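The block underneath contains the structure these notes are about, expressed in structure tokens.
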Amino acid sequence: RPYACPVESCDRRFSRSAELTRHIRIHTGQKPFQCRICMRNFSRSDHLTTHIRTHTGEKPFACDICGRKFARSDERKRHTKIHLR
DNA sequence: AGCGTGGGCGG
DNA sequence: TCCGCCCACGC
Ligand SMILES: [Zn+2]
Ligand SMILES: [Zn+2]
Ligand SMILES: [Zn+2]
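If you want my numbering, it's the position in the first sequence, counting the first as 1, plus 795.
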């Protein structure tokens, strides 16, 4: 944790600089990635990608048990667990 | 469910 | 640094 957050009202520390730079955007309100379709801005590129799937209906992740598809891998992970009970 | 969004991290 | 995952938590 050699990269602490300078903003006085915040107590965060990071292992890498790349993360402090990304984290700083929370305080600056910096939203660099815009959606062509709805023009909404996002703080992260990876979140813009998944958001875009809400428009196209793209669902790359299918459940191994029932085949139900989802836009994100975490949605599928949360789902598969329901086949236990 | 649907999906916003930050942290850790490998490349 | 960026990229783009996993992972996690929120409403
Ligand atoms: Zn901060
Ligand atoms: Zn959009
Ligand atoms: Zn299933």
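Using N, Cα and C, we set each Cβ at its ideal position, and we do this for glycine too.
Given residue i as reference, the closest of the options once Cα atoms are compared
i: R811; options: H822, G824, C805, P797; result: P797
i: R839; options: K826, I847, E814, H850; result: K826
Between the CA atoms of residue j and residue i - distance to the nearest angstrom
i: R880; j: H874; result: 11 Å
i: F856; j: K864; result: 5 Å
i: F837; j: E870; result: 20 Å
i: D841; j: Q829; result: 11 Å
i: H822; j: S804; result: 10 Å
Residue burial classification, residue i (beta-carbon count within 10 angstroms, cutoff 16)
i: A866; result: buried
i: residue 893; result: Only positions 796 to 880 of the chain appear in the structure, and residue 893 is not among them; the question remains open.
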